[PDB]
There are 2 protein chains.
Amino acid sequence: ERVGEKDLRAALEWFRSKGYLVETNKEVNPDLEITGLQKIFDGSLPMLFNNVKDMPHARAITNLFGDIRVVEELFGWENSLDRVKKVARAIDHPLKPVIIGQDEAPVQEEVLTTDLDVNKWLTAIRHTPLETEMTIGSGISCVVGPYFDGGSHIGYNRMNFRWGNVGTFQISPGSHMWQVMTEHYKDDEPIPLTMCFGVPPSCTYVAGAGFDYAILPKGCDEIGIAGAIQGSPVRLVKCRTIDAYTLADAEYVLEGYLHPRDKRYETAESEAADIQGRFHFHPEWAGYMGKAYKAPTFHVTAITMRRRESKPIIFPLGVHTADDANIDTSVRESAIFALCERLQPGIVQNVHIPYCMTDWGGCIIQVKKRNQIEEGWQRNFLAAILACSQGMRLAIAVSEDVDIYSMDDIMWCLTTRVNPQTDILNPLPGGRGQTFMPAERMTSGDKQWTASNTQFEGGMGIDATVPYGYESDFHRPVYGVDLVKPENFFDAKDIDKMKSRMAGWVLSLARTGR
Amino acid sequence: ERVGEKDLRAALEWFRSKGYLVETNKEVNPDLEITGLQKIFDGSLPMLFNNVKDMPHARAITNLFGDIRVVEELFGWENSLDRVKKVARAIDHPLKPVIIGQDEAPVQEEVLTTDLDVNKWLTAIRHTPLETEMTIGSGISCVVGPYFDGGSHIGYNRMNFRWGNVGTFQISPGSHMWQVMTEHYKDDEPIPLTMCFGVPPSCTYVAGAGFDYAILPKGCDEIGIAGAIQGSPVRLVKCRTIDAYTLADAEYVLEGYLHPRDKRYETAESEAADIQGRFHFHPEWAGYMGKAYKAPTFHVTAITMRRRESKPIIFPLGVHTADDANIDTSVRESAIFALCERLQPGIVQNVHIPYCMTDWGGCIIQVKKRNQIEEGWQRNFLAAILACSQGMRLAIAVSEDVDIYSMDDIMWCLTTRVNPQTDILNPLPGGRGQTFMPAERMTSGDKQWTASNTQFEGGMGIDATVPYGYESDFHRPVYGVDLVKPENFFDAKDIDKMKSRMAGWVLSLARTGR
Ligand SMILES: CC(C)(COP(=O)(O)OP(=O)(O)OC[C@H]1O[C@@H](n2cnc3c(N)ncnc32)[C@H](O)[C@@H]1OP(=O)(O)O)[C@@H](O)C(=O)NCCC(=O)NCCSC(=O)c1ccccc1
Ligand SMILES: CC(C)(COP(=O)(O)OP(=O)(O)OC[C@H]1O[C@@H](n2cnc3c(N)ncnc32)[C@H](O)[C@@H]1OP(=O)(O)O)[C@@H](O)C(=O)NCCC(=O)NCCSC(=O)c1ccccc1
Ligand SMILES: [Ca+2]
Ligand SMILES: [Ca+2]
Ligand SMILES: [Fe+3]
Ligand SMILES: [Fe+3]
Ligand SMILES: [Fe+3]
Ligand SMILES: [Fe+3]
Ligand SMILES: [K+]
Ligand SMILES: [K+]
């Protein structure tokens, strides 16, 4: 039980071989140093901390998915478009996970069944100095089998263990865990599930997915999609205590039960005066400071991990980082692409969810109309995307002469290609939204800022595409950037001196010439 | 007549002293090489071409205003906010221009009164290979005195001299030249004006202004604003033939008359079949390929210039460059700031028109609400900006915790802070727009794409501001980027290796920590 063929340690070895690994040996605080160093180097190389404060048996990795280029190099993709198409193909073709014995799983070298103090072994962090609680935000849930209709689910859930071996368990309403909890709410037996830590990067990648249930409904095989992404099946193992399955190649696994009707407060102040949605609880995906709520409790029965002499790795990450944004929006991009290809194939060329929009709030699709009969399909695509995403606030459709990765080019399409009377779609006013957007706090009024009181404004679908047959009038003004060579006119020093000053939309426009 | 104290040559000497000047000696074509080399190095250092093809007496400068940092260093401003405030102050305090004699003006060393072939002396360029005509797009008009109500006007006008000494003269409807032409349309005497070339950079800066006539109405002193910007009065000189005044420190001056009722076609193909708004005429400010129209004719009576042995400099520039964008939108930014400060002072903090939006299509203002009584002033500001700009299509108001120079941060505010039911303003449907936007071609139908047939959709004012009293719920999630020092944990090599991979919104977020 010491090999994990494709896991976090092999990924660290590949990162060290490629030269992408930044590793230090100095003792780092989980309090306001890991997330601070992650935000200082946001969207960059992975950082490995060998020594963690008050965690003598644990290492810590961060910014693992921060640069999307090294992630695409890890999984063998050339660019983001190839990544989107390959992960859509992997969604439609899962690899069924294999079950190995309880003696070759590396996560079951040490099995703690007593003295269950989760905060002693797992590294809880604080993100900002405005917080009061150190929370565990590193684990993915793992529901395999009868509670997920014979499929499998992996996904992140934040936990605050402020009762020793009992901690809160934050569930987004509408998610797979919400659907499992809603089905088994009125039950006597609690839901058995495991929280896995230091998982293979494919499992992190698929655990980022969410609110894409027209493509990945309840009963799908998310671990199958992770196995299809890494190109080999993800190994499972039966738990020691509960009746479930874990990722065998993880670094830590918490086994236990979820009690849905046992709801407790996440912080001490919101418990002190009984108010959800007011007190600060570590910044959220929307790009604002989060709020503390009531949440069901996760009753840990066993802590299994690797050997503490091997120093198992945990992956703590801040929420408003490019790390967290890549983790969610990559597989959500390919799911949106899959839905638009299902509705009408051959029209959508590329789907991109930038860091700027949010995890769950926005997307940009790029359509190409081949004839007059395909005119109008972008409005079907925008309405279907906004309806099938639960609280996406802004979907933008652009034409094929646009750089989809530049927000300056998107703003140019918003300025020049949008009729404000006809091209703004508000499809579903009064539907379901995401309560973590404070624009829905503005609709709750003086009631409690919970999901029961918010009112969705309906989303915003912006059709910034060129009408068919008007491609000559909306033609983009390509210059002669390949008809002239600057090496004739200037030397190397003038050329790189002028090239060092360019940044952004000029860098996008100088490649394309438009 | 050989000194111009603040002019283009002194600016070139200062650029060479600062090391910002890139100069070559190889013979460059005005056909598809100058604009190509400008787009290859878009938004960068100035380029000086000593040898121009078929122009043995002329030098050519380009990308002079391409980097806004070297422009702010030239005029003595620290950042863009200081530039906006100082140019607003200079707008409210002009320096009256001085008139010097006809023998100390350096632009009147050589006075050609016969053999007036404008294309022989002035460099006409072609931008894209899709064009057929080589046009002159380097000169600014100069109307001083009785035709501009005792004030002065400077502004660019494109000209195509396809009749020897008679060329077209493109006037935007609504502009100062349009107001002068509209007042003197039914007159027998033509309007006398001069086209000045190679002007001081302050005159280029103020000549970029347009459609800001609540702040700079007809009868204002635009040359006074140029003198206030450079800090010394701009010298004028009486013309040799016509009854007007020119910029004395220019490099070339065309003297002549504008005939408003003598309208001719700009290209040969649109003249060949009598259609405005269809055939390609060198890309425009909207970011599309332009169209050819009918335009009044400029009848050149005299060409005055510097000594041809001194090789006078002309400034040809492509239209969809950061050069052209800085030239217009800088003074238009300060004019929008001045209007918002006039309506209610102390609320607008910063105004920015990025390259991405357009010259005349968009702006971003940044407001700060000090109390509850100032809530709602951003909607007055958006409506006033959209009404007083003639065809601005998209105005966005953001709060003060936003980086106004990052379009990713603006897109984040569009995703998270806009109610699509209440925060989208469409103030003036059916007003006046700009015909060069093809979104107004979509409203002309099968009539002619002219300004007489377009129908404005009304503009789009987006209130992406935080409501007052909800700053705690919309609080931005500042991390500890100054509580931890990366020099402790890593060496220099790991630090700059990680810093070299960051670009864009991560660069904006890693300074601020949010
Ligand atoms: C939505 C709840 C849970 C509603 O609680 P409250 O309003 O306080 O109301 P109650 O709790 O009292 O229950 C009401 C009554 O209805 C019943 N009933 C309830 N549920 C069920 C059910 N499932 N099934 C069946 N029935 C159910 C039940 O009978 C109950 O009555 P009892 O209990 O029997 O007396 C609220 O706590 C909340 O706002 N949570 C936060 C929402 C959120 O957005 N989390 C996002 C995290 S993602 C983010 O971290 C992230 C994302 C990406 C990257 C990074 C980060
Ligand atoms: C707007 C016009 C000029 C209208 O012409 P048409 O539709 O063909 O119609 P007509 O010409 O036949 O005249 C109609 C009748 O009305 C009368 N009348 C007319 N005018 C006046 C008057 N002023 N005053 C009084 N009356 C006037 C007159 O009586 C006339 O009848 P007649 O003539 O007596 O029989 C059109 O040619 C056009 O679309 N131009 C392009 C517009 C444009 O946007 N240019 C933008 C350039 S900026 C860009 O380059 C840039 C910006 C930043 C950076 C970089 C680059
Ligand atoms: Ca993404
Ligand atoms: Ca600008
Ligand atoms: Fe799931
Ligand atoms: Fe459109
Ligand atoms: Fe003017
Ligand atoms: Fe708002
Ligand atoms: K998931
Ligand atoms: K002007």
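For neighbour counting, all protein chains shown are included, and Cβ atoms are generated from backbone atoms with ideal geometry for every residue, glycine included. Bear in mind these aren't lab numbers, they're just calculated from the coordinates by the rules spelled out.
Observations on the model:
- For residues of B:437-448, the mean tally of beta carbons on other chains within 10 Å: 3
- Whole-Å distance, taken between Cα centres, linking the range A:235-311 and the range A:379-457: 31
- Pseudo-label separations to other copies for B:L483 - Cα-to-Cβ vector, 7 Å, nm: 5.8
- About its Cα centre, the dipole of chain A is roughly 280 debye, where the only charges are +1 on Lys and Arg Cβ and -1 on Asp and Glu Cβ.
- For A:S17, inter-copy separations between label points set 7 Å beyond Cα along the Cβ vector come to 5.8 nm, shortest first.
- Candidates B:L37, B:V143, B:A10 compared by Cα position along the dipole of chain B: farthest toward the positive end lies B:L37, with charges placed on Cβ.
- Length-normalised contact order of chain A in % [C-alpha pairs under 8 Å, at least 6 apart]: 15
- Taking other C-beta atoms within 10 Å as the exposure proxy, B:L193, A:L343, B:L317 rank A:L343, B:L317, B:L193 from fewest upward.
- What separates the A:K120 label point from its copies, with the point 7 Å along Cα to Cβ, is 9.8 nm, written shortest first.
- Listed residue (A:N119, A:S232, A:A90) projecting farthest to the positive dipole end of chain A, Cβ model: A:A90
- Cα-based shape type of the range A:223-331, given that a ≥ b ≥ c are square roots of the gyration tensor eigenvalues and the cut on a/c is 1.5: oblate
- Each residue of the range A:284-299 was assigned a 3J(HN,Hα) from its phi angle through the Karplus curve 6.51 cos²θ - 1.76 cosθ + 1.60 (θ = phi - 60°); the sequence is 10, 5, 5, x, 10, 5, x, 10, 9, 9, 7, 8, x, 9, 10, 9 Hz, with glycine and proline shown as x.
- Legend: mean number of C-beta atoms from other chains within 10 angstrom of residue C-beta atoms, peptide B:40-51, equals 6.
- Cα gyration tensor, the protein assembly as shown - rounded (a/c under 1.5), prolate or oblate: prolate
- Distance to the B-onto-A rotation axis is smallest for one chain B Cβ; residue and value in angstrom are B:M407, 2.
- Charging the Cβ of each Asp and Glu at -1 and of each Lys and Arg at +1, and nothing else, the dipole of the range A:221-373 about its Cα centre rounds to 320 debye.
- Residue-averaged beta-carbon neighbours from other chains (10 angstrom radius) around A:402-408: 4
- For A:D262, nonlocal amide neighbours, meaning residues 5 or more places apart or on other chains whose placed amide H falls under 5 Å from its own, are A:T297.
- Here the peptides B:21-27, A:364-370 are ranked by packing, the mean other Cβ count within 10 Å, and the order with the highest first is A:364-370, B:21-27.
- Our helix-only sum for the protein assembly as shown, with -39,500 (n - 2.57) per DSSP H run of n ≥ 4 divided by its residues, gives a mean residue ellipticity at 222 nm of -7500 deg cm²/dmol.
- Positive-end residue, the range A:1-116 charge dipole about Cα centroid, Cβ charges, pick of A:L64, A:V28, A:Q102: A:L64
- Chain B - share of DSSP beta bridges that are antiparallel (%, nearest 5): 70
- For the range A:279-352, GluC sites (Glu not before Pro) meeting the loop criterion (DSSP other than H, G, I, E, B) and having at most 14 other Cβ atoms within 10 Å: A:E309.
- When only the Cβ of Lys, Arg, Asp and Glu is charged (+1, +1, -1, -1), the dipole of the range A:363-514 relative to its Cα centre reaches about 280 debye.
- Highest-first packing order for the peptide set A:319-332, B:446-459 is A:319-332, B:446-459, based on the mean count of other beta carbon atoms within 10 Å.
- Sorting the segments A:38-46, B:215-223, A:62-70 by their mean number of nearby beta carbons within 10 angstrom, highest to lowest, gives A:38-46, A:62-70, B:215-223.
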